[PDB]
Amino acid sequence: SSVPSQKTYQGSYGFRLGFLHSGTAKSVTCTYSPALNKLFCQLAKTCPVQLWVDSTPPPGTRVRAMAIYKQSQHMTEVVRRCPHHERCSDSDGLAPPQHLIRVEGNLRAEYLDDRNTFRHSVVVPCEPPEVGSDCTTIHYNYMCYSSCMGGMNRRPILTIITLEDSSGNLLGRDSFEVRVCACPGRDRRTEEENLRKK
């Protein structure tokens, strides 16, 4: 399959992501490394991702998430749940069981199987921050481990977040690597130390 762009693009509205500072304790379930631009999270646990803009986008703007393989030798392969997890009957009533990325707690989430690339994505309406908040947060879930045999099978992935108009045209783009693993805090510490030693 052709490869969706991963180029960072703030666009007219100054679109970019933000992440909490969750630390690296052994018990943490989701933690983001700015040094690696990499999110580490446990299977099916809440991943808060912030959306920031410098100016207000139009009504009907949407926010799409899609996963691709990071390594060039795998980027053309569709990222999907493994043969076990696609059959484990953990449906939330909305997400197709094949989709790796879900949006949690948003009844307006829509799930796309692209008729040409076969790639999966989940899209929600863009919403302004709640009163008293400075940004909007989407809660994502990743529904397979990076290690799942027959699926990601240890290959690193990226999540691409696109801000879109009501037709699906590009308004902004950002991205981050993801590792879905049992101990995100330890793995973040290990990978950050590996980077320093490099």
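The first residue of the shown sequence is 1; numbering continues from there.
The mean C-alpha temperature factor is higher for 189-197 when 189-197 and 1-9 are set side by side. Between 169-177 and 146-154, the higher mean Cα B-factor belongs to 146-154.
Of the candidates 139, 64, 38, 26, it is 26 whose Cα B-factor is highest according to the PDB record.
In the PDB entry, a CA B factor belonging to the lowest third of its chain's modelled residues is recorded for residue 121. Ranked within its chain, residue 42 lands in the middle third, by CA B factor from the PDB record. Residue 17: CA B factor in the lowest third of modelled residues in this chain (values from the PDB entry). Among the modelled residues of its chain, residue 131 has a C-alpha B-factor that falls in the highest third according to the deposited record.
When all modelled residues of the chain are sorted by CA temperature factor, residue 75 is found within the highest third.
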